[PDB]
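Given as structure tokens, the chain that follows is alone and in the form deposited without the partner chain.
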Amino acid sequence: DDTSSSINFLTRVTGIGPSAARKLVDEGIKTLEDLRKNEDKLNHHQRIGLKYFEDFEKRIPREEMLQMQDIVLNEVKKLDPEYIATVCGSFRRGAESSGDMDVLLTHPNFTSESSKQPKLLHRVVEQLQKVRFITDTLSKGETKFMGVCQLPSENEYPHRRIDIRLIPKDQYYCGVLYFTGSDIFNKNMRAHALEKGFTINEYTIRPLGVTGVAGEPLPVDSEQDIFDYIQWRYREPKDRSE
């Protein structure tokens, strides 16, 4: 009922899961104003969320995405040029608006062999708060920063979720493809390759075989590379709606 109305609302707040949101109901926490008077009940995640309830619903215009992506990209150049940073999502695919900045990052330095270089992402984030670009954190791994950026005002913009993800360079491509999407594109891509005698995921591109159980990743220098394995004309990210 109109109470369920609640679990439905709360869940609107980031960090608030269903079971998570469920408890806030038992304690008698319902509206956001209920939230507000109870940060003490919230971990840091749910807290940033309520912070930016508003902003967190507006969408991201592309003019803005661009600006944001220039800043991210430039800084990363400064630290170490060997560093690669692709912005993914709808955005990469010409989308006119979007819901957040999704970044994929890698360094020749780190590969699926390494598996331990949080400083590599971290260095990346700091430069960013150093810049006043990132402005809050949501959570933060040794490989996946989750947070909240903000375009520089001249005088202001909304707060905006951003995610950085460290992926091995041997698995970056597959990874870039994946996060590019779109959903069905991925469905279709994987779909054909399976015909051409290959299996794919965000990590790799591997041959199939007898009984089907098989593998052993193939080399991937580019996104183009993957497409050649499957023998398709490389599809620009635009023509990827499916």
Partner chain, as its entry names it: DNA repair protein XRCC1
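Residues that one form lacks are left out of the comparison. By rigid core we mean the largest C-alpha set that fits within 1.5 Å across both forms. Residue numbers count along the first chain shown, from 1.
Unshown form deposited with the partner chain bound; subsequent notes refer to it.
- A residue is said to contact a partner when one of its heavy atoms sits within 4.5 Å of a partner heavy atom; residue 209 meets this definition for the partner chain in the deposited complex.
- Residue 57 falls outside the set of residues with a heavy atom inside 4.5 Å of the partner chain in the deposited complex.
- In the deposited complex, the partner chain lies farther than 4.5 Å from every heavy atom of residue 179.
- Proximity of residue 61 to the partner chain in the deposited complex: non-hydrogen atoms within 4.5 Å are absent; the residue sits far from the partner.
- Think of it this way: in the deposited complex, the partner chain has a heavy atom of just one of 66, 184, 194, 214 within 4.5 Å, and the residue is 214.
- Within 4.5 Å of the partner chain in the deposited complex, a heavy atom is found for all three of 198, 228 and 231.
- Taking a Cα shift of 2 Å or more after superposition on the rigid core as the cut-off, the single stretch of three or more consecutive residues that moves between this form and the one not shown is 1 to 5.
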